[PDB]
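Let me begin by presenting the structure, written as structure tokens, before commenting on it.
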Amino acid sequence: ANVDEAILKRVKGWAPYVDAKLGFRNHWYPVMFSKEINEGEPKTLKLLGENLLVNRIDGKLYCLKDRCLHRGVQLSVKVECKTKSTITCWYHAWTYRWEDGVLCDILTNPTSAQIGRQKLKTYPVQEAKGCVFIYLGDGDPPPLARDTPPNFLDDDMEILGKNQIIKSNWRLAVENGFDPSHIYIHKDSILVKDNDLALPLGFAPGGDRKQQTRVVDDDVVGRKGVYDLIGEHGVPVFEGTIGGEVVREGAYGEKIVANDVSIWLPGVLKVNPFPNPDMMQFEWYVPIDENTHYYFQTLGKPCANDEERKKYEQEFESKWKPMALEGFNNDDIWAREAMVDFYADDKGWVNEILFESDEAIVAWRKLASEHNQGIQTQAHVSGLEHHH
Amino acid sequence: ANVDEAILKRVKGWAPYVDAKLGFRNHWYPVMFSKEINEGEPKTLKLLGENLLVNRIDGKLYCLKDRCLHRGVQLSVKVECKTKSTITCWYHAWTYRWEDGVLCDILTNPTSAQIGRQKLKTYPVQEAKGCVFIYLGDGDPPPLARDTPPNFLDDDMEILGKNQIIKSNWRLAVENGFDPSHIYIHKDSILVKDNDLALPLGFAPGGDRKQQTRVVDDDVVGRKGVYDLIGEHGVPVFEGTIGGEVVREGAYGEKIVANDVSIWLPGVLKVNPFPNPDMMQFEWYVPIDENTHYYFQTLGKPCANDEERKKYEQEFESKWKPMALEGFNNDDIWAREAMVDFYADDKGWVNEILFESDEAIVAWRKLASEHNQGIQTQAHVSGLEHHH
Amino acid sequence: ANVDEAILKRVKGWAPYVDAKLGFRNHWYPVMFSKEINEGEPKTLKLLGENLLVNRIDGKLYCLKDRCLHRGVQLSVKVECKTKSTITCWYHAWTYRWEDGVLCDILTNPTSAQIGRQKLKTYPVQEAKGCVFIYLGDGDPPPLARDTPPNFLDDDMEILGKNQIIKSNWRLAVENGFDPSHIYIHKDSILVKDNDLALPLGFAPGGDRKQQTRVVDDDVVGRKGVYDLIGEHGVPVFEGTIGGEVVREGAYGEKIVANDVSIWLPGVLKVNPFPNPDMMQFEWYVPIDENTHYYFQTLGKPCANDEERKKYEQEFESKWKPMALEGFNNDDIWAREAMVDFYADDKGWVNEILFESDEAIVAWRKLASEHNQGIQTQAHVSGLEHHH
Amino acid sequence: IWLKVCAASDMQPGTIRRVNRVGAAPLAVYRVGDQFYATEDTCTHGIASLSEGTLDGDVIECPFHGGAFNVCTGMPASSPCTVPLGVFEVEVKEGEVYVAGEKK
Amino acid sequence: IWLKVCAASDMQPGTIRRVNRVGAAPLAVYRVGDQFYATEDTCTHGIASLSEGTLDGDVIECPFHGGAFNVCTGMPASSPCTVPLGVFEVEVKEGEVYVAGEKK
Amino acid sequence: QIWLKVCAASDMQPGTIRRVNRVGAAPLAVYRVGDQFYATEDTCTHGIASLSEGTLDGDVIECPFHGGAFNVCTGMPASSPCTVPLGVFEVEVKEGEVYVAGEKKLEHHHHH
Ligand code: FES
Ligand code: FES
Ligand code: FES
Ligand code: FES
Ligand code: FES
Ligand code: FES
Ligand SMILES: [Fe+2]
Ligand SMILES: [Fe+2]
Ligand SMILES: [Fe+2]
């Protein structure tokens, strides 16, 4: 219950989604790149509103809630890792094992009855393709593949990227990304001209509602998502008109891209091919709190050896990162920021006036509402409550 | 609806006024000077909590709500006026006519069923005496004369002024300006000495309460206001005493100003004559949001020809603006800000301890409560709500 | 009152204390040092949420609420003390007497019926040991000794100190100060080495629950407090271990300190002896508002003559203040701040997981809940509310 | 010493009546059942006329901020009022209401 | 001009049927008790299909944002809807439902 | 030594609680639910509160510190903030005399 019930009652098709202001619990989420955290170098981060600590011990990553069980302070205010396998709160020295969060010692009172009888929350952590994924959920985690778009985990797919904190709720980021008509904001991107892209201004839908998308709920690995098929029956718009007069044209480059776009739970977009005919872009919009998200950008390109990988890395730093990730997606950032006010009071979820291409967004809202693995609430953050 | 009902219940004489923290809807309000907006150069501003856009086309002013109907973004984040008569949202290209706000085109989907079927909110705009007024209301607007003090619109009246944003609710500004006893804060103003003004410290009331003011319930133009008549039968106080000893004196200048002071809806004060025997001051306290207002000051002086206008404009820039509008009224600014905390929680409207000269303020609160044309609510800002 | 009733209902042993977010009314509180308030120079401060003004007249201190009865502005915005015994509001000149707060004159209208019929709130003020105490309460005040720790007022006791504003609720400061096991955060303090102190890392409790403290409610002066006796039957920890391996050692200096620790209402801690075997520390955590408190530190040392006082003065400035009050207590400041988030939503008062040494804190919570002289409420701040 | 207000019959139980006095502050007369009372008409918390308020039993509620007083004792009954109201003597002789020009 | 939509019995009381029209916007036929009404099927506030909404009396509630319309007058009944719905007169004859070809 | 003599079954009214102090060990809490007797550690697993000073409602004991609660029969948490199960101690009545086990029961050699 994160949103006024009066509002939720109004939204029949996707109330769970509108209520998921803090994101969906029980899903895997990338939070940083592997090279950003080294041996015995504890790192702090907030995911789904929860303060966490991640550390690498003997190469393996561990995640502990950054909040001592005693007086609720963050252990990270003054980190004290007195033994390889533990962390000691700086306040009264309650000591926890990184491996299972068990309170194994208390330096201020070695005879305390709490020793061995309390456990600090831990979360599964997995590294894949140079990315650090945390399963922000309870119980045994499902395969990481379930929460990743197709091909991200392919053997030869070399993954490179960038991550940053953006000031907008995660859902605004997701919808902007999967928004078929938002392509209009990218009409002047340096990438369009500098990489000779063909880029429409928008689309004139064709066919019926069901044909605008393809809802995926039959994938064998269990992934749940939606493909944007507006271009299968729709006519792309290359001539923008006002009063029947052409005021703007799309891009007539030779490189064809982004004709395969899909959004997947918990909130990751796959644009293929992009930003080049031989590459793929996968981006996550990870919930940090109700007002911010991690914009986790990755570009994938098949590489057969260290030679090709190095070449790709060099092209990434010199071209793709500055020209695409920044030169193209920077407009998506302020676009997301521009919707904040309208949805900040939760009223935008009621007052928005949608048009045809939004069918794709609606499909996603319904899929997310039906297949998410749980709604994160303030109670999960402060401490679950329940009266006998 | 804007204030705790338990508080409004206690205020039987002017509950609507206390509830009007965002201002009164359906009234004309000045927001800038004509010279501040040129042809084809859209300007942003916030009025009664609403973000607006003003543009000059073929010399005439037009006003559109600065919020796209689609996803609620401000059009002004990236202004795209692709044709003389329209503005295109930078997000998905929904295009609106400045003239009537009609959604006439959508570049991203020329076949959309929304085209011609939606209308962005527009507000009437009128230029008078070099000032830009906006009718922040619904339906056909009344004559501007109804919402302006007597004589402001006189043919020979030359109006010159200054405008700025002040950090206080508009009502605190209004009451301070019409407050008969607040003259005390002006005892050391440079204007008093440099323009040889006679200025008492206050007034010892005379006559009955009914004689303390004169309410105007209707004009040939429907004006609604109150005249402060404390000086009618009151005794000007020139010697301030404590325990019987004189500790302060008023100013014994020769110039007698402020013969008559009156406040009018939606909230504009008229001081005549001021700051000189041959001039008048008209000042608005326009609601921007619940915490701020535009302090729109103007000085008027009848001028028979270009020759007199030129001279006045010279005297205004060289003397009146710096000595009066700033040298005198600057103290009013911090006095308004000083009342913010007491009323910030709405409790000051209950706990205030009024004295005799406040009969003027009470008369204004009742007149405002009885004759305002509507209470602006947060719902007007986000979108009116009504459940069947 | 100040906390959600569902939470108070859960805390059966000290609900009043949890509800006392704004502090306890009807107790004396130190707010500054005598040397900080000079003759005829009114000084501002906020105590228990209330803005106050303190002035010195003929050497005597007087305290008036810094809020005019008329329109609720702070008189301090522009102080006008026109005669020795009064203060005149800068707005409409309502004049109040410092000794009884009576509205004795109004310069803007000397014939007002309000004159002599209204009274601005005043609070008792007393100077002791060069410290200014204000009785933030109603009715004749109890003797100051009731709200001070034993010996603070000793004739031979020379008091020197420091005061500053800290960003945390007063209760967090109190509990941190009386917390037996928090001594762990002081293990690396420069005072430990530089003053050759003996200091354990914690304590292994001994004896029964009641033996852990000495609750004082039999004090002749009426003082209400608790003594921490964890050291009488407990074994001090000088070797901290994890998995049986020593990872940290306490300090084996020669100077024995802090063997006598007590907390007293309204919230003052006494540490004896500290920071040196021949001194004592007395510190208050005075509520300013729900999020801040004055950390009023004072060190006492018996002195028989001016020579001893001057020597102590020199030592305080060159050693005690920088090495102890700062070098030692600075870690207490950020430790308090570290608990803010957990208790900010009042949920920490339910979710905290205590261990043995917290018995002292529990005793304090119960004593405070049972012996406080009143719960300050926001209504006290804005203006008491009661319906017939 | 006394002033003529009205006939007891003119006032229905639970009603208030303002009494303007030449060269002096106005008073308020309240009929509570069959007994009449009188106090200053001006609320002690400001400048409101209590005769324009609402009478509930023997408690008068000020129209300005909702403060209230007991019309018999003149003592504050509801915040924000704190200063006692002046009470004037009333006596009904010969089916007519009279109020003491001076307060008790 | 009229369009033969279906048999009255093809619709259970309180249900809605979407009527597609080639080269034109679809309509929504509502069965309120034993009465039949019709309007454009697309909510005027967006792209929702009113035929997938909830009927309460003679008021259709949009499934998207809870906006609503009176299916008899087509006038908005609940926010955020503000643009009146197009209404088509309906007539039942011999157990068959017919809807006017053009708004009225 | 396996069974500790507590008191006479008649010394306890239905719905009451009694604390049992043990030398060199943590105290136990014996609860009478109707005519059946149950026992758990006396110290609340969420802190240092004495459950024998709490409130018994049917077969659920509510801690006086923070309002957490446990089922006295299974020792399982019944109300937040409690999350750690209480150690349970078997109780038996021989000759009208109440006895409590000196060792808590375990998920050892019992129902699967
Ligand atoms: S807050 Fe961490 S050990 Fe006390
Ligand atoms: S938000 Fe303006 S066209 Fe979409
Ligand atoms: S606000 Fe102080 S005299 Fe009016
Ligand atoms: S003037 Fe009567 S309650 Fe304020
Ligand atoms: S689309 Fe129908 S109420 Fe919004
Ligand atoms: S100590 Fe029992 S509920 Fe917290
Ligand atoms: Fe984009
Ligand atoms: Fe002024
Ligand atoms: Fe400390």
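Both backbone and side-chain heavy atoms feed into the values below; hydrogens, waters and symmetry mates do not. Below, chains carry the letters A, B, ... as their sequence lines are ordered, and counting in each starts from 1.
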Identify which part of C:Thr88 has an atom lying under 4.5 Å from any heavy atom of chain B, answering side chain, backbone, both or neither. side chain
What part of B:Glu175 gets closer than 4.5 Å to chain C, counting heavy atoms only: side chain, backbone, both or neither? side chain
Neighbour count >12 (heavy atoms, 6.0 Å) for atom NZ, C:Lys119: no
Roughly how far apart are B:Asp341 CG and C:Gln74 CD, rounded to 0.5 Å? 6.5 Å
Does the plane of the ring in B:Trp334 sit parallel, tilted or perpendicular to the ring in C:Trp90? Use 30° and 60° as the thresholds. tilted
With side chain to side chain contact (heavy atoms under 4.5 Å, CB included) as the test, would you mind laying out the steps for B:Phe203 and C:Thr108 before giving the verdict? CA-CA 6 Å; B:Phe203 299 91; C:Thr108 55; over 6 Å; no
Please classify the contact of C:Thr86 with chain B as side chain, backbone, both or neither, using a heavy-atom distance under 4.5 Å. side chain
Option in B:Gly202, B:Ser357, B:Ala338 with maximal non-hydrogen atom pairs under 4.5 Å from chain C: B:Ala338
Could you tell me if the side chain of B:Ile242 sits less than 4.5 Å from the side chain of C:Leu107, heavy atoms only? yes
Count the heavy atoms of every other residue, nucleotide or ligand shown that sit under 6.0 Å from CD1 of B:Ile190, and state whether that count exceeds 12. yes
Looking at C:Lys167, I want to see if its NZ is surrounded by more than 12 non-hydrogen atoms of other residues, nucleotides or ligands under 6.0 Å. no
For the candidates C:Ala93, C:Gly383, C:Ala113, which exhibits the highest count of non-hydrogen atom pairs separated by less than 4.5 Å from chain B? C:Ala93
What are the two closest heavy atoms between C:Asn109 and B:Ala204, and how far apart are they? OD1-CA, 3.6 Å
Counting heavy-atom pairs under 4.5 Å with chain C, the top scorer among B:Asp358, B:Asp331, B:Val235 is B:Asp358
Is B:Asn176 in contact with chain C via its backbone, its side chain, both, or neither, using a 4.5 Å heavy-atom distance? both
So, C:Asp105 side chain and B:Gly243 main chain: donor-acceptor pair closer than 3.5 Å or not? yes
Using 0.5 Å steps for rounding, measure from the NE2 atom of C:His92 to the CD1 atom of B:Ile183. 11.0 Å
Does CG in B:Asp188 sit with more than 12 non-hydrogen atoms of other residues, nucleotides or ligands closer than 6.0 Å? yes
Heavy-atom distances under 4.5 Å only: say whether C:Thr95 touches chain B with side chain, backbone, both or neither. side chain
Can you check side chain to side chain contact (heavy atoms under 4.5 Å, CB included) on C:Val73 and B:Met339, steps first, answer last? CA-CA 5 Å; C:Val73 302; B:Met339 284 189 289; 3.6 Å; yes
Classify the side-chain pair B:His182/C:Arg71 by whether it contains a donor and acceptor separated by less than 3.5 Å. no
Show, in sequence, the C-alpha distance, side-chain angles and deciding distance for C:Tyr91 and B:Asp179, and conclude whether the side-chain hydrogen bond (donor to acceptor under 3.5 Å, both in side chains) test is met. CA-CA 10 Å; C:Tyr91 210 170; B:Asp179 191 325; 4.7 Å; no
Please tell me if the side chains of B:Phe355 and C:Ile115 come closer than 4.5 Å, counting only heavy atoms from C-beta onward. no
Does this structure show an ion pair linking B:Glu245 with C:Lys82, if we count only N-O contacts that are shorter than 4.0 Å? no
Check: B:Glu356 main-chain N/O paired with C:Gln114 side-chain donor or acceptor under 3.5 Å: no
Quick one: what part of B:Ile230 sits under 4.5 Å from any heavy atom of chain C, side chain, backbone, both or neither? neither
Show, in sequence, the C-alpha distance, side-chain angles and deciding distance for C:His70 and B:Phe342, and conclude whether the side chain to side chain contact (heavy atoms under 4.5 Å, CB included) test is met. CA-CA 10 Å; C:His70 189 207; B:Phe342 192 57; over 6 Å; no
For atom NE2 of C:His388, is the number of surrounding heavy atoms from other residues, nucleotides or ligands below 6.0 Å larger than 12? no
Give the C-alpha distance, both sets of side-chain angles, the deciding distance and a yes or no for side chain to side chain contact (heavy atoms under 4.5 Å, CB included) between B:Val247 and C:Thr83. CA-CA 8 Å; B:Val247 295; C:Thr83 72; 3.7 Å; yes
Under 4.5 Å heavy-atom distance to chain C, tell me which part of B:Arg336 shows up: side chain, backbone, both or neither. neither
Please report the interatomic distance OG(C:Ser382) to CG(B:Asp346), rounded to the nearest 0.5 Å. 11.5 Å
Would a 4.5 Å heavy-atom cut-off, applied to side chains only, mark C:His387 and B:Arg10 as touching? yes
Sort C:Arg97 into side chain, backbone, both or neither according to what part of it lies under 4.5 angstrom from a heavy atom of chain B. neither
